[PDB]
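This document starts with two versions of one protein chain, written out as structure tokens and named structure 1 and structure 2.
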Structure 1
């Protein structure tokens, strides 16, 4: 689907699976199965915020790899994978599960990670998830998302099907597909909790394996990133009868609309609490608008994303752009600021009422910075 020999930042299936879906799960150890490159380049590369003690009970920013050498390629890496799992158990005893994310060579040398995963999982009474996420599969990270979701469904999601000990409430929701970039999911979750809902599950961002296992016990599935987690959402809608819906917390308008839509799916008490939360946060985002819209009104951003921009008086186009929203360094060299709706490189959160202030400040900072006005030497 991608033209050979053209520049693109498009990722692989491994990036979509390990980097996006599995990697943010804090209490599981994710093994980049194969040669050293992929895990090293992906290590701590995405700002999927979590709370934990890294290297003891949480492992997100660490790079675990089998570090394939030539002998592993020639003779296979299944024995190495079993020994690696044993070593992981010895050195990281508080891990609550292991994922094995296949890199390219795993799919080509005929390694059977499924059998090793099953055997070692049975032996150690631990969840070991084999993910066939080899980079050459598909054309983009999208197939990686699909493969990772299938792994979630097959190995983790159904773990508590026969368990009925979890006390459920009618206001139980799961946030799915929020990767907690700069704490975005946290900024969303507080609003949901202030509305009276109980966020039983939140993954992958700041996600635990128990939360994934508890997801089929919730009343509603709020999906942030539909593209990557629609597969699991549909599966849960069929198997468990759990409704799912999309929510957009980017900017006050989208946040208010999404909160009202979510509350409309519950009783009157939740709707009343929703109105109270909106009323509480109204002066804060109004103050943010009052401060930053005069500095940003009329600026053209070229392209979820749209809401905050219109809330700040900005104009969205699809050019003469002041900002590009839809590779950053090329545009920067060309003299146009580049910024996604998520605050991936250094900032955030951007979602929710708290994130709106940060987003507005960053927009004003980037667009009105004098660095963009100094490209032309005064003698040229």
Structure 2
């Protein structure tokens, strides 16, 4: 499709909207120009969703509790408010961890204050204090408590900060109040920011005056990798094979202790810029720790990232990096030789949250696949700035796409594969188009690193070339 045809498609799709909705949505759809570096000249992002248009965006509670704080395994996270928010987000995200659940790890459990009408009418601060006492009684091995606010908390005037302070002083426990009420912001992005601020204010500076940790020149932290299907472990094995010491993982399979030890590392390796750039900038400005973005999706991006990371250290790390690359070259070369012929030339459209719509493009291109449309639920304009040079010319870019918009774009473009979330999977499967869940990896993975690339290629081949896609038309119709 040429640029003019994509623009005409955008206008035709927007034709159905009322004037206000059409005017707003025209600013969130664009035709990619790779030469453009200031994406605000072509697309607008991080705005309010239009009412009643079936957006895919979540809330600030999802961005804070479900994304940042939830993966931290040795901490207990209280969904403060009614039962629904905690129930729907319980174990829905595959942020993998190692631990004994209910004893020393609590990721897949749902702790909630289960607000009733009386809690709404008279407040829930006393209930929160009693809940903290009961948590301490029944889960003595927890190493900290976070209180993730749901919508009613900020509307009824509850003061969770004072409760957190008093109970933390009384029990000598880290209690982190997070004001992640769902109505705040426009998406999960403000949840990321609020969670980062809570980490900064209540956890990160805990060992500022502690010098007992033995630091090495090769100390790195992994920031913004949430171990989806073990992605962070696949990245960590490569980083440690390179001679580096991964002190912390933020926050997949993460403990509060390594979060507290993060200010001691020599380098910060940020995978998800969108969710953790705030804390990365804070650590750079306070402790002087440099941070760099890296990409471990596909062999090409993985090799480039490994070389860039090793360039931040001495020659021994560079030699170990070359050794790692040489060791893993035959494996991913065999993966390419097996699967690229089955996937060469296939066109894919993506719609994921805030990092992956641009991060997984290199992995698709390593298999000979072309990304023709991409978009974000909640990315900012810096994410689109990074996205311009990764996307092909005259490709489609969408921000906070509506269900109708995505369906019409898919109808016109007709991609061979779609990568999006669970709320689009069955829609596009019923349309006869192979679909890959790009949030949960379709309960597969990991996809990061060389080990993840084999799984990624196998999954793309198994879904794109499945026989079921050739059977949707009845032979008598």
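Positions refer to the first chain, counted from 1. Shifts are known only where both forms have a C-alpha. In this text, rigid core is short for the largest set of C-alphas that superpose within 1.5 Å between two forms.
- Once both forms are fitted on their core, the CA shift for residue 26 between structures 1 and 2 remains under 2 Å.
- Core-aligned CA deviation for residue 347 between structures 1 and 2: less than 2 Å.
- With the core held fixed between structures 1 and 2, residue 338 has its Cα displaced by at least 2 Å.
- On core superposition, residue 313 has its C-alpha offset by 1.2 angstrom between structures 1 and 2.
- In a core-based superposition, a mobile segment is defined as at least three consecutive common residues whose CA atoms each shift by 2 Å or more; between structures 1 and 2, just one such segment exists, spanning 337 to 345.
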